[PDB]
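What the coordinates show
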Amino acid sequence: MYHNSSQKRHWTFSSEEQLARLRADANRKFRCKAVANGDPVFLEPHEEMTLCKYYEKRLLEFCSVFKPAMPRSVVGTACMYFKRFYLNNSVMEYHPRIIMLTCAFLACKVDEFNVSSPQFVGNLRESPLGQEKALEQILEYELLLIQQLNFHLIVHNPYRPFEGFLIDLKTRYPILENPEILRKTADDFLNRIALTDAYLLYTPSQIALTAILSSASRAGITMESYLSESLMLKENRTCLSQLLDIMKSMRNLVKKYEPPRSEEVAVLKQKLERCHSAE
Amino acid sequence: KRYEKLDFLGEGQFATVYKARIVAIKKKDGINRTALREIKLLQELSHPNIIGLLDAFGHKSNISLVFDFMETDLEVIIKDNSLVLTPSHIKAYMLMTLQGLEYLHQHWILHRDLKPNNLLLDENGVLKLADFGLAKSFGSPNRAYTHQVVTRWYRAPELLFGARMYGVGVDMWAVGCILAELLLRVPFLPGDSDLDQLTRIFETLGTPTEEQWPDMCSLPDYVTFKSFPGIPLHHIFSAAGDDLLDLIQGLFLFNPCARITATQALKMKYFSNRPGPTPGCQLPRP
Amino acid sequence: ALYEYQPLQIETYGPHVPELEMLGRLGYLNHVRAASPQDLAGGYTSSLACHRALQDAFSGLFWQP
Ligand SMILES: CC(C)c1cnn2c(NCc3ccccc3)cc(NC[C@@H]3CCNC[C@H]3O)nc12
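Per-chain numbering applies: from 1 upward along each written sequence, possibly unlike the entry's numbering, with residues missing coordinates excluded. Following the order in which they are written, the chains are lettered starting with A and the ligands numbered starting with 1. Here the side-chain values reflect all heavy atoms present in the structure, with hydrogen atoms and water set aside.

**A closer look at the overall build of chain B**
Basically, it comes down to this: A run of H or I in DSSP becomes a helix once it reaches four residues, and a run of E becomes a strand once it reaches two; helices and strands are each numbered from the N terminus. Note that the radius of gyration is over C-alpha atoms, with the globule rule given as 2.2 Å times the number of residues to the power 0.38. Only protein chains enter the accessibility calculation, which uses a 1.4 Å probe; a residue is then buried when its area is under 20% of its type maximum, exposed when over 50%, and partly exposed in between.
The number of helices and strands found in chain B is 10 helices and 10 strands. By the compact-globule yardstick of 19 Å for 286 residues, chain B fits well, its C-alpha radius of gyration being 19 Å. Its C-alpha atoms give chain B principal-axis dimensions of roughly 60 × 45 × 30 Å. With 286 residues in all, chain B has 57% of them scored as buried.

Okay, here's the thing in structure tokens:
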């Protein structure tokens with residue numbers, strides 16, 4: 001369960017500043033290691049973040065058309081794996097294209113989605129020899145990824161809390177006559193929430209509740225009494241204020257998110273390929 | 001890494017175990033799925049009656065898992081004729097097993113491999129559930145499991161009838177079998193095949209009916225059986241008091257839903273009655 | 001030295017989850033898929049799925065890193 005999970009204990013961070021510090025530390029550590037080992041070829045932390053967002057989108061696309069049909073829990077686990085890995089690692093050291101496939105592979109294993117390695121690499125849009133090489137790279141990086149996750153493999157996603165909240169709304173909140181009308185829109189917000197760092201900063205229950213209440217807000221429906229009455233937050237005013245602040249910060253995170261730009265990602269991909277070819 | 005190998009503990013088909021410094025280290029598909037299962041489940045669980053995963057590492061596709069070192073297991077206790085199993089000792093073992101199982105089920109995980117050799121004991125007499133290589137989360141509707149889990153002697157009748165969807169009963173039934181093995185010092189239902197296992201279960205406990213198990217014939221591998229009267233529980237366990245017999249009956253109910261859960265078993269009069277469970281430091285050691 | 005049961009006291013940092021046996025009475029089970037007779041025979045009930053979903057929904061809702 002989340003309330004005593006490794007995700008809550010170790011992989012939920014206090015602020016975006018802490019995440020930026022971790023990523024800058026990873027970038028500077030790679031720079032120091034390369035200087036001791038081996039220039040403007042180096043990537044900046046914001047460039048690394050842009051490439052990480054692009055390859056998270058690529059991982060989403062790969063998991064979307066994966067045959068057999070990938071459970072959404074597996075996709076969430078793989079995306080969280082990617083985020084956690086590149087919290088403490090530089091894309092110039094470990095290429096995101098292989099790391100994301102390793103994340104998908106490990107997530108398939110962890111979430112008990114039985115898919116054989118040949119049919120895992122058959123989903124790749126590459127030649128059979130390319131698929132074999134990619135399989136070899138994934139097998140090389142599997143233990144590396146597991147080590148960099150600190151052997152914390154169970155990932156608590158917001159989908160089951162979303163289902164539980166929908167059940168609770170259907171049962172105890174008749175004011176919202178049909179909570180199902182909130183699903184689609186809320187799901188959309190969930191996806192957008194996944195694009196930010198919210199998964200490293202907020203609980204899955206908070207993320208699901210924020211998605212549902214934002215869907216209600218775009219629907220023109222106020223369910224403040226659901227927090228107040230149903231969740232008994234009228235008793236704890238500070239708890240209600242903290243929850244509302246968490247949701248507002250989450251919405252601000254979504255509104256401040258910027259998609260990677262195609263020219264920027266092309267230039268940064270050239271720089272990343274130069275980094276991997278060199279050193 | 002930081003572990004000096006001390007002794008060779010045992011070797012199985014699946015892994016090899018070493019006593020190292022005191023801990024126990026267990027060694028194109030990539031990293032093996034059972035080791036990943038153990039890692040992913042034991043990292044999210046923390047209870048005195050569940051084996052603790054202290055560390056893990058490896059190289060390439062091989063991996064080693066570090067656990068607390070255990071002195072013995074319940075199988076060695078049962079098979080040791082010199083050891084005398086008092087009702088206090090049996091209650092202590094059952095209490096520790098059920099507390100671990102209650103913690104496990106509360107976090108929505110089925111062990112699915114409960115047996116005396118998977119119930120490990122340390123030098124302080126603290127029993128812990130081990131060998132989570134078959135453990136799996138439960139409570140998900142779409143998640144369908146295989147019915148070939150649990151060792152056949154401890155397999156529940158619903159599993160032997162091919163149940164894909166199941167709950168804590170598949171552990172509780174095993175618990176009951178373990179309890180029976182604690183009372184008789186021999187395997188309760190030592191079948192040599194699934195059909196033989198079902199036949200032994202029905203010849204000992206009686207052939208279940210619709211009243212005892214409303215949806216019995218709906219299981220895809222259900223087999224019709226000759227109506228057996230079954231041996232009365234007090235005849236099988238002549239030394240078992242009424243409270244222990246009630247516990248056994250609750251653990252061996254054919255209906256998995258009606259079968260008592262770990263919490264309900266812990267609430268039974270047997271555990272709160274005299275004599276109290278033997279303290280862990282006073283439990284017998286082989 | 002007599003044993004006495006006490007339920008596990010693990011903080012969930014969220015709203016209280018209704019008891020498993022009272023899910024049907026409170027009306028929760030009307031909003032989850034009913035278990036098939038085979039699932040019921042195996043010991044799986046819709047109450048399990050509903051309870052797990054509610055527990056996941058309420059877990060750590062009030063927690064701050
Ligand atoms: C948690 C695991 C990795 C562990 C911890 N201590 N320990 C010991 N200790 C020695 C021993 C000797 C006799 C009976 C029990 C334990 C032996 C051992 N043997 C490997 C098998 C693992 C599954 N259960 C049966 C066991 O033989 N596995 C383990």
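**Some details on the UniProt feature "binding site: ATP" in chain B**
All names here are of chain B. What counts here: UniProt positions are given in the numbering used here, feature names are shortened, and annotations may be inferred rather than shown by experiment. By definition in these notes, contact holds between two residues if any of their heavy atoms fall within 4.5 Å.
When the UniProt feature table is mapped onto this chain numbering, "binding site: ATP" sits at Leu 9, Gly 10, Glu 11, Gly 12, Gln 13, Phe 14, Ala 15, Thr 16, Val 17 and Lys 26. Counting through the fold element by element, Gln 13 comes out in the loop between β1 (5–11) and β2 (16–20). As for its position among the elements, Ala 15 is in the loop between β1 and β2. If near-sequence neighbours (up to four positions away) are discounted, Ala 15 is found in contact with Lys 26 and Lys 27.

**Quick look at helix α8 (residues 242–251) of chain B**
Residues and elements named next belong to chain B. Burial analysis of α8 places seven of its 10 residues in the buried class, which makes it a mostly covered element. Turning to α8, its buried residues are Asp 243, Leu 244, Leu 245, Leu 247, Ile 248, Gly 250 and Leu 251. Where α8 is buried, its residues touch α3 (87–106), α5 (169–184), α7 (233–236), α9 (262–266) and α10 (269–272).

**Topic: the nonpolar core**
In a soluble, globular protein the nonpolar side chains are often hidden away together inside. Here is the rule: Nonpolar cores are built from buried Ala, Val, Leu, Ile, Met, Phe, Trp, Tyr and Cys residues. Side-chain atoms within 4.5 Å join them into one set.
Residues A:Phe120, A:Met223, A:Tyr226, B:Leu74 and B:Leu247 are the most contacted members of the largest nonpolar core, which totals 211 residues. Apart from the residues lying within four places of it in its own chain, the contact partners of B:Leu247 are B:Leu179, B:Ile260, B:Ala265, B:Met268, B:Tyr270 and B:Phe271. Membership of the second largest hydrophobic core comes to six residues, among which are B:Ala20, B:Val23, B:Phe57 and B:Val66.

**Here we look at the site of the ligand**
Residues and elements named next belong to chain B. Selection criterion: Here, proximity means that at least one heavy atom of the residue falls within 4 Å of the molecule or strand. Between N or O atoms, a polar contact is any pair within 3.5 Å; within protein, one atom must be a potential hydrogen donor and the other a potential acceptor, and residues adjacent in sequence are included only when both atoms are from side chains. Throughout, the Shrake-Rupley method with a 1.4 Å probe supplies accessible areas, and for residues the shown protein chains are the sole cover considered. Nonpolar residues are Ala, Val, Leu, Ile, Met, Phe, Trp, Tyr, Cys and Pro. Charged residues are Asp, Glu, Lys and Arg, and all others, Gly as well, are polar.
With respect to spatial proximity, 16 residues lie near the ligand, and among them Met 70, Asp 73, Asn 117, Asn 118 and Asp 131 are the closest. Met 70 places a polar main-chain atom, nitrogen or oxygen, 2.9 Å from a nitrogen atom of the ligand. In the model, a nitrogen atom of the ligand is placed 3.1 Å from a nitrogen or oxygen of the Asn 117 main chain. With the chains in place, 78% of the 610 Å² that the ligand exposes on its own is no longer accessible. Contributing elements (two or more residues each) for the shell around the ligand: β3 (23–26), β5 (62–68) and β6 (72–73). Split by residue class, the shell around the ligand holds eight nonpolar, three polar and five charged.

**A look at the packing of helix α3 (residues 45–64) of chain A against helix α4 (residues 72–87) of chain A**
Packed helices, taken two at a time, are described by the angle between their axes plus the distance between the axes. Residues and elements named next belong to chain A. Worth spelling out the cut-off: Angles run from 0 to 180 degrees between N-to-C directions of axes, and those axes are lines fitted to C-alpha atoms, restricted for helices to the stretch in contact. Roughly parallel means an angle under 35 degrees; roughly antiparallel means over 145; roughly perpendicular covers 65 to 115; every other angle is labelled oblique. Crossing handedness is read from the near helix: turned anticlockwise from the far helix by less than a right angle, it gives a left-handed crossing, and turned clockwise, a right-handed one.
Where α3 contacts α4, the axes come no closer than 10 Å and their chain directions differ by 160°. Relative to α4, α3 is oriented roughly antiparallel. Remark: the crossing between α3 and α4 carries right-handed chirality. For the pair α3 and α4, contact is made by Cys 52, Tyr 55, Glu 56, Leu 59, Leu 60 and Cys 63 and by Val 75, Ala 78, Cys 79, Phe 82, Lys 83 and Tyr 86, respectively. Residue composition of the contact of α3 with α4, grouped by class: 10 nonpolar, no polar and two charged.

**So, the pairing of β2(B)**
Residue and element names in this part refer to chain B. Our working rule: Strands are treated as partners if at least two bridges between them are detected by DSSP.
What you see with β2 is a clean split: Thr 16, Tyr 18 and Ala 20 sit on the buried side and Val 17 and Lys 19 on the side with no burial. Pairing geometry for β1 and β2, over five bridges, is antiparallel. What sits directly across from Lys 5, in β2, is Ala 20. Between β1 and β2, which follow one another and run antiparallel, lie four residues. In this structure, β2 lies alongside β3, joined through four bridges in antiparallel fashion. Following the sheet pairing, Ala 20 is matched in β3 by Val 23.

**Some remarks on the interface of chain A and chain C**
To keep it simple, the criterion reads: Buried area: the sum, over both parts, of the accessible surface (1.4 Å probe) that disappears when the two are put together. The working definition used for a salt bridge is a side-chain nitrogen of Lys or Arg within 4 Å of a carboxyl oxygen of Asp or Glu.
Between chain A and chain C, the residue contacts involve 28 residues of the former and 25 residues of the latter. Taking both partners together, chain A and chain C bury about 2300 Å²; carbon and sulfur atoms supply 67% of that area. Looking only at chain A, the three residues that lose the most surface to chain C are A:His3, A:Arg160 and A:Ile167, adding up to 25% of its buried area. Inspection of the chain A/chain C interface yields one salt bridge. The interface formed by chain A and chain C includes 11 residue pairs in polar contact.

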